[PDB]
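Asker: With the first sequence counted from 1, adding 20 to any position gets you the authors' numbering. Beta carbons are placed, not taken as given, at the ideal position from N, Cα and C, and that holds for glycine.
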Amino acid sequence: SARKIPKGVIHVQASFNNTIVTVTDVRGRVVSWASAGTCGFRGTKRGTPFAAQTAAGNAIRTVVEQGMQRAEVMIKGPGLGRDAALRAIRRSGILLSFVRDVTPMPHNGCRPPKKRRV
RNA sequence: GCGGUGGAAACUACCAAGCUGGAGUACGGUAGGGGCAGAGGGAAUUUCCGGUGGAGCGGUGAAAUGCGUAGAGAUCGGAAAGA
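(1) Would you list the residues sitting across from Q33 in a DSSP beta bridge?
(2) Excluding the 5 residues flanking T68 on each side, which residues of the same chain have their C-beta closer than 7 Å to its C-beta?
(3) Using CA atoms only, rank isn't needed, just tell me which of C59, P98, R81, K135 is closest to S112.
(4) Provide the residue(s) that pair with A54 in DSSP beta bridges, ordered along the chain.
(5) Have a look at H127 and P133 and give me their C-alpha separation to the nearest angstrom.
(6) DSSP three-state call for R120: helix, strand or coil?
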């Protein structure tokens, strides 16, 4: 069983409502994912930093079948789950290699509504 | 107040000949999202197709409408298009 891929990039879609932590390989194929509204609590109880750690710590139950040694991290977008997702992945067992911020910086053109966030 | 006559002449005005500080022009340079037209560049968003993969995603002061196992979101590769 399993493909047994060495290292891989971890795409963390950090938003205000929730945080989707997905651990993918070298190419871009997802093995298994984990989210904030999946781990027990839902509604508005998520999106917080220590709710992101229970989400990123739920991935090591489904991706343990592959057996990854090293891991590169990748954060996208603002919110309370940027530095928190990196701390849970570190206390799990996998090593650090490349932490990058691929947040889409606009060239001042497209603008969404004002509205207050959580 | 109006008209006429005889004067005065600085000022205003008319005429003639000038002068120059006004203004204008040329010579040589400087900065600027000045304007019009035609190209081309980068990020991102949306959409279409395909791969991986899982049940959730989206949203709010809370929720719900909505999008989801005819499998989105997320992720990767490619395309199209507009600002």
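Answerer: Here's the rundown:
(1) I40, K96
(2) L100
(3) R81
(4) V41
(5) 17 Å
(6) strand
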